[PDB]
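K.L.:
Could you have a look at this structure, given as structure tokens, before my questions?
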Amino acid sequence: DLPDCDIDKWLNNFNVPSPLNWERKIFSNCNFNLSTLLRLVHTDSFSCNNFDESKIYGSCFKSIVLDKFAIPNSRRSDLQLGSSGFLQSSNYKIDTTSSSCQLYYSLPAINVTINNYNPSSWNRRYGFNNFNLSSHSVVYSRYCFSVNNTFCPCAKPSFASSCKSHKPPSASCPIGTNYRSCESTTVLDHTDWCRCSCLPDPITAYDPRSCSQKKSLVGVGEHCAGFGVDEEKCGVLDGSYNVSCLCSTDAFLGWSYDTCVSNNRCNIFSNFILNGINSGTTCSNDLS
Amino acid sequence: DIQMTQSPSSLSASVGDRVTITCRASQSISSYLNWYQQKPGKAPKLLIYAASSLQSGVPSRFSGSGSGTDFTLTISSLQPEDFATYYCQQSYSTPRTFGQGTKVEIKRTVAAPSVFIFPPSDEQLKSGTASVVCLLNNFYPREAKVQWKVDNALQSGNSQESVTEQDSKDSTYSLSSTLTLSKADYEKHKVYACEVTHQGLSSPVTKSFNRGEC
Amino acid sequence: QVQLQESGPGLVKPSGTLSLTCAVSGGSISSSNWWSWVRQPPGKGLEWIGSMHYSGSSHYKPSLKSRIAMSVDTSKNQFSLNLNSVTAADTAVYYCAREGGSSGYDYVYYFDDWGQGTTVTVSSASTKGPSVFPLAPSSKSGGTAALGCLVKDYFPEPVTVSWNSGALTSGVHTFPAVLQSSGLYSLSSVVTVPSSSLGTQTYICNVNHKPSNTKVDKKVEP
Ligand SMILES: *[C@@H]1O[C@H](CO)[C@@H](O)[C@H](O)[C@H]1NC(C)=O
Ligand SMILES: *[C@@H]1O[C@H](CO)[C@@H](O)[C@H](O)[C@H]1NC(C)=O
């Protein structure tokens, strides 16, 4: 009397996330046929790691956890197990320690709409807007940066107003955050050349320890902590405390996009994590 | 500042040996660690960057490993031209900081010096000074004694000496000793001699000349 | 193919200003590279003193902040070092270097394409060019004879010595200079040659002492 897991219905949902905002669904206490599943989704490839694929048939699991996202065409090879490419460094790490299977499938492009969303709350706090891209453009991060909850990317207006040369943009930082660190420097034809942190940018930072944005490979189960921001593009020149600290659109670095479409279908990936083989009530009915 | 400490500070190895030098950062620096080679009288040269990336053109016998605080430079098969001081360096922070250096000395077989003595030139004499030079060429190990004698008077002062670093091809040393007198003193004596003691010689060797002879 | 060359006076008076320039060839100063100065005191290791990017961003050794300033000249493809109020603590060889980032995720900065270095001596003493004297090969020995040049009484360091305008390099040993009690340096350069060639081959040592604008050739004859 347990219901069908309906895994195919979720995989075939026309709202497909990108790797940046990959979607997990946990299936449990339900019946499924792997044989039917591989037919109802236009499967290109299904294979398993740390697990004998033939053993799914007729088995029960505590739960089955799927993580899905559309594939940017140029980055498909990033999904090879252990790949150091962009997708697994900075969007979704395929855990090689679990019992897992990797599914490559596709949907007719005419129905798919890619849902792009930046999961980083600190990016969004400092002005990251919804993406404005074509409906099959798939966003992926190239670099992720983590920050403390006290992070603010803007120089302090009162510091900037003392800079005679190379004034940084400035704005008020939210209550509970710390202003961007800056120093007045001497260069051979300027005596108040202000130099702040994360220069030239967080990706190429000369002094990574002094840059508050910390390069962060995604861990198992994690989303990108955030795109790095060019702090010279957060705030405004001569910005006072009456301006709220925000970063311009071009301040957010180290991300790209590509279409998922080839031969009029959008290519999609789902990871499968098999939890607790020979227990629970997530059961294959393939042998019944 | 991030302090970089290398181990050992010096070492001696034979051609063909595996040489291992380690480096520790006073805090974690991930892979922001580079290794340099500095040969005598030359600027440092990059060997390894980002802890394990071999610089283009550098022989593959050099390799680096490590991440965090502890790093290792390995020379898989030491060559004579690898005589140098090696430095690690971090770029995770400012200031940029270097390890103290590790000197790699090359052990080789004993080689006796060839000894040569040079009288002052007529040109220098005209200026009122006489320099006499004794040269000990291409010897190993470094320990050598030069004793100057002027009509068999054992000199204790009036000389200075300099030694080269190990040769990049044959790993030997050379030594130059200069005895300096006034022209007036120089012309009052006949036999100028340098006597060399070195473990490669079957007997201490003396090179000498008589002022004027020719 | 990036090549660097330091220039600037080697002798600086105490409390004076050291000024060095580094000219860059084979690559643009307007790039992602930073440009760096690293110095090496006598008998000591390496000490970074500063780096600067063509945007103007810079970092200096903090203990030198009150005395140091750099510049990057995009019109001449050069960068420079100024160190004020010098003392004998600043006597060193000063190298310029390229400081670029690796292509990995971490973008690790490293020093490359180091210049040959310029020797800076902080001293109130005056410059003095050397006298160059021959070290004549022996009337004689075995199949090998030695000859050389004595480069006497100069200040400050360094001198360069070549043989036969650079054509003779095998068997040359140029020794570390010694500091004499007069406060002047003296250095010997020697070479071993076939004794059978003494009558047939010409041997000339070429001595350059840039602080005194001294350029001397000396023929060394038996
Ligand atoms: C799985 O297949 C068997 C055999 O065809 C069938 O009895 C069962 O209902 C199927 N379960 C599904 C589709 O969930
Ligand atoms: C971030 O927080 C950690 C503690 O979680 C602290 O050690 C670190 O200094 C903080 N960084 C900044 C830039 O405040």
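Methodologically, a virtual Cβ is constructed for each residue, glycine included, from the backbone with ideal geometry; neighbour enumeration extends over all protein chains shown. No lab work stands behind these numbers, since they all come straight from the coordinates.
K.L.:
Nearest 0.05, what FRET efficiency do residue C:65 and residue A:242 give at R0 = 41 Å with Cβ-Cβ as r?
P.N.:
It comes to 0.75.
K.L.:
Given the -39500 (n - 2.57) contribution per DSSP H run of 4+ residues, what per-residue ellipticity at 222 nm results for the protein assembly as shown, rounded to the nearest 500 deg cm²/dmol?
P.N.:
When only DSSP H runs of four or more count, the value is -1000 deg cm²/dmol.
K.L.:
Give the residue from C:108, C:83, C:216 lying farthest towards the positive end of the charge dipole for segment C:65-222; charges sit on Cβ (+1 for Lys and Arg, -1 for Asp and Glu) and the dipole is referred to the Cα centre.
P.N.:
Farthest towards the positive pole: C:216.
K.L.:
With only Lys, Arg, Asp and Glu charged, each at its Cβ (+1 for the first two, -1 for the last two), find how big the charge dipole of the protein assembly as shown is about the Cα centre; round to the nearest 20 debye.
P.N.:
Details: 58 positive and 54 negative charges, 242 e Å.
Once rounded to the nearest 20, the dipole reads 1160 debye.
K.L.:
Ok, one more. Sort C:133-140, B:155-162 by the packing proxy (mean of other Cβ within 10 Å over each peptide's residues), most packed first.
P.N.:
Peptide ranking by packing, descending: C:133-140, B:155-162.
K.L.:
For an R0 of 45 angstrom, estimate the FRET efficiency from the Cβ-Cβ distance between residue A:189 and residue C:44 and round to the nearest 0.05.
P.N.:
Numbers: r = 32 Å, r/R0 = 0.70.
Rounded to the nearest 0.05, the efficiency is 0.90.
K.L.:
Further, regarding this structure: Between residue C:200 and residue C:76, take the C-beta separation as r, use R0 = 51 Å, and let me know the FRET efficiency to the nearest 0.05.
P.N.:
0.55
K.L.:
Who wins for biggest fluctuation among A:266, A:30, A:245 in a Gaussian network model of chain A, springs between alpha carbons below 10 Å?
P.N.:
Maximum among the listed residues: A:30.
K.L.:
Now for a different question. Lone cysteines in chain B, defined as no other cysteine's Cβ under 4.7 Å from theirs: which are they?
P.N.:
Lacking a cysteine Cβ partner under 4.7 Å: B:214.
K.L.:
For the cross-link pairs A:214/B:39; B:183/C:13; B:39/C:61; B:207/C:215, which exceed 29 Å when the distance is taken from alpha carbon to alpha carbon?
P.N.:
In this structure, A:214/B:39; B:183/C:13; B:207/C:215 lie more than 29 Å apart at Cα.
K.L.:
At residue B:149 and residue A:117, where each label point lies 7 Å from the Cα along Cα→Cβ, what is the point-to-point distance in nanometres?
P.N.:
Modelled inter-label distance: 9.7 nm.
K.L.:
Also, quick follow-up: Starting from the 7 Å offset along Cα-to-Cβ, what nm value, one decimal, do you get for the label separation of residue B:183 and residue A:134?
P.N.:
Each label point is offset 7 Å from its Cα along the Cβ direction, giving 9.2 nm.
K.L.:
Roughly speaking, what is the stretch gain from residue A:256 to residue A:164, that is 0.36 nm per residue apart minus the C-alpha to C-alpha distance, in nm to one decimal? List each step's numbers first, then the result.
P.N.:
Details: separation 92, 0.36 × 92 = 33.12 nm, distance 3.67 nm.
So the extension gain works out to 29.5 nm.
K.L.:
Quick one: if you stick a label point 7 Å off each Cα along the C-beta vector at residue A:50 and residue C:167, how many nm between them?
P.N.:
The answer from the label model is 7.2 nm.
K.L.:
Using the count of nearby Cβ atoms within 10 Å as a rough guide to exposure, how do C:83, A:103 rank from fewest to most?
P.N.:
The fewest-first ordering by Cβ neighbours comes to A:103, C:83.
K.L.:
Taking amide hydrogens as modeled 1.01 Å from N in the peptide plane, which residues meet the under 5 Å criterion relative to residue C:49, leaving out close sequence neighbours?
P.N.:
The answer is C:37, C:38, C:39.
K.L.:
What average number of partner chain Cβ atoms lie no more than 10 Å from the Cβ of the residues making up B:122-132?
P.N.:
The per-residue average across the peptide is 3.
K.L.:
While we're on this one: What's the center-to-center distance, using Cα atoms, between segment A:105-146 and segment C:50-100 in Å?
P.N.:
44 Å
K.L.:
Continuing with the same structure: Pick from A:18, A:172, A:54 the residue whose mean-square fluctuation is largest in a GNM of chain A, springs joining Cα atoms under 10 Å.
P.N.:
Among A:18, A:172, A:54, the largest mean-square fluctuation in the Gaussian network model of chain A belongs to A:54.
K.L.:
OK, next. If you place +1 on the Cβ of every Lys and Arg and -1 on the Cβ of every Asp and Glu, how big does the dipole about the Cα centre of chain B come out, in debye to the nearest 20?
P.N.:
Charge dipole of chain B: 180 debye, to the nearest 20.
K.L.:
To the nearest 20 debye, what charge dipole does chain A have about its Cα centre, counting +1 at the Cβ of each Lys and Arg and -1 at the Cβ of each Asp and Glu? Mind dumping the intermediate values first?
P.N.:
On the way: 23 positive and 24 negative charges, 67 e Å.
Dipole about the Cα centre, nearest 20: 320 debye.
K.L.:
Can you pull the mean other chain C-beta count within 10 Å for peptide C:129-135?
P.N.:
Shielding by partners across C:129-135 averages 5.
K.L.:
Give me C:91, A:113 sorted ascending by neighbouring Cβ count inside 10 Å, so fewest comes first.
P.N.:
A:113, C:91
K.L.:
In a Gaussian network model over chain A where Cα atoms closer than 10 Å are linked, find which of A:209, A:125, A:195 has the largest mean-square fluctuation.
P.N.:
Residue with maximal mean-square fluctuation among A:209, A:125, A:195: A:209.
K.L.:
To continue, here is another question. List the pair-distance distribution P(r) of segment C:20-88, using every Cα-Cα distance, as the percent of pairs falling in each 5 Å bin from 0 up to the bin containing the longest distance, rounded to whole percents.
P.N.:
3, 16, 27, 24, 16, 9, 5, 0
K.L.:
Now for a separate question. Between segment B:161-201 and segment A:255-278, how far is it from one alpha carbon centroid to the other, in angstrom?
P.N.:
78 Å
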